[PDB]
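Throughout, read-outs are computed from the coordinates displayed, never taken from laboratory work. Positions of Cβ are backbone-derived with ideal geometry, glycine not excepted, and every protein chain shown enters the neighbour counts.
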Ligand SMILES: O=c1c(-c2ccc(O)cc2)coc2cc(O)cc(O)c12
Ligand SMILES: O=c1c(-c2ccc(O)cc2)coc2cc(O)cc(O)c12
């Protein structure tokens, strides 16, 4: 039961469940590169989700729902995290470091690349730590689709309450980390807020990215990658 | 300078700047009712924004940007707030209390009505207070469009830093309120997080609502309300 | 944007 | 949804 984990047991576990590092393998060519990478990452995201404290306590239907609702936001936060140390660049994969102008290969892509670069620059100046990063990524998984759960079932309501309590623990964990980092109580509250407010920006970029992917899909410029198509369809 | 305000001076000021209560005056008819109300509310939202500590310190261009980015999310959070005391209903105006099924008058609207009802139910169970509500609404105004500010100008960068500091104050204000409410330090951190995570849901509903409004606009079922059309266009 | 600009000024 | 369902199981 995730509710028993201590702050350190929570973080250490999240850090150990991190997905493995993957390498990537015109407008269509660009879209192919990104969608191919996302499809492959999704397989590992599913394995990772299973290890997020509390995720497997949910019904299979609810696990599916959370992943359908947060997948792109999770790929994106991982991307801004990797891109931290590379000012002005987006590190999609160790062998795929793209500059802002690279986004011009695709109509409407520079816009989202700019938002991604902005968030990365933001995490950099804030000096986001990996312990914090993994907590944020888990929060996204749990928070995104919880309010879209059915409200017409006692079991669904209990599922929502369970997720909310696990989310509370992750909150204590984040506070704990900032505490030992030497932050005052005021700095802790402020930093926790800044981080959670960024999650709001990520949800926005994800929504914009999704609309972009669907529009390209419609232009038939998206390869038939079955899992990616499944996740896209869920939106 | 908003940075000088104390927690109580912050809240009292926000509470005094609340917009006045407005009354509302087939698929087209339904869309007309909501868009007409939103257009009228936007006029008062602009007046309200001017009174949000720190908003007027920004360049006119940045004020415009924040409002263009957060307007629908602000109308929506005000709507869930008003609907708190009315389980299963949405109180658009004192004379416009709509049930869930009313959303079936418009293709794709019940979906967003359900998300709105869910958030309202959420704020209810959490027993959200008006002092907290006004802080959240101000955070939305300041946070939504700040990361979309240009990054290609020293002045823009300073504008972003200023907004971030004002946002920090609002964070201290929220903590302060929960403190005197008798909440432990742990309950304070947890509640602050729950509230900020809800803002993420609101951004999602707003994005969905915007796509819905544009699609209807395209079906030529949206009256020519100039200000609403201006704000919609900005997206 | 003209109405918004006007009202803000 | 079938692939997601399979991988999760
Ligand atoms: O950023 C992405 C990604 C992506 C790929 C791997 C990652 O780790 C993160 C995002 C995938 O498909 C897209 C598809 C789009 O149409 C636009 C985008 O910005 C993206
Ligand atoms: O909810 C709204 C509102 C609205 C109106 C007044 C409020 O206070 C809040 C939201 C306006 O236009 C829409 C237009 C839409 O297409 C769908 C919607 O859900 C809405």
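Data overview
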quantity: Segment A:72-85, residues that are more than 12 Å from ligand 1 (Cβ to nearest atom) and closer than 13 Å to residue A:119 by Cβ; calculated: A:84
quantity: Some residue of segment A:203-220 being more than 20 Å from the chain's Cα centre (by Cα), within 16 Å of ligand 1 (Cβ to nearest atom) and surrounded by 18 or more Cβ atoms within 10 Å (Cβ to Cβ); calculated: yes
quantity: Residue in segment A:16-26 that is more than 13 Å from chain D (Cβ to nearest Cβ) and part of a helix (DSSP H, G or I) present; calculated: yes
quantity: Where a residue in segment B:212-235 is more than 13 Å from every other protein chain (Cβ to nearest Cβ) and its partner, wherever it lies, is in a loop (DSSP other than H, G, I, E, B) and within 12 Å of ligand 2 (Cβ to nearest atom), with Cβ under 6 Å and at least six apart; calculated: B:216/B:222
quantity: Members of segment A:110-155 found to be within 30 Å of residue B:87 (Cβ to Cβ), surrounded by fewer than 16 Cβ atoms within 10 Å (Cβ to Cβ) and within 11 Å of another protein chain (Cβ to nearest Cβ), listed by number; calculated: A:150, A:151, A:152
quantity: Residue list for segment A:177-197, filter: facing another protein chain (nearest Cβ under 8 Å) and crowded, with 18+ Cβ neighbours inside 10 Å; calculated: A:188, A:189, A:190, A:192, A:193, A:194, A:196, A:197
quantity: Count of segment A:27-63 residues which are surrounded by fewer than 21 Cβ atoms within 10 Å (Cβ to Cβ), within 21 Å of residue A:213 (Cα to Cα) and within 12 Å of chain D (Cβ to nearest Cβ); calculated: 4
quantity: Filter result (surrounded by 13 or more Cβ atoms within 10 Å (Cβ to Cβ) and either within 16 Å of ligand 1 (Cβ to nearest atom) or more than 19 Å from the chain's Cα centre (by Cα) (or both)) within segment B:6-23; calculated: B:7, B:8, B:9
quantity: So residue A:98, is it over 22 Å from residue B:235 (Cα atoms) and within 13 Å of ligand 1 (Cβ to nearest atom); calculated: yes
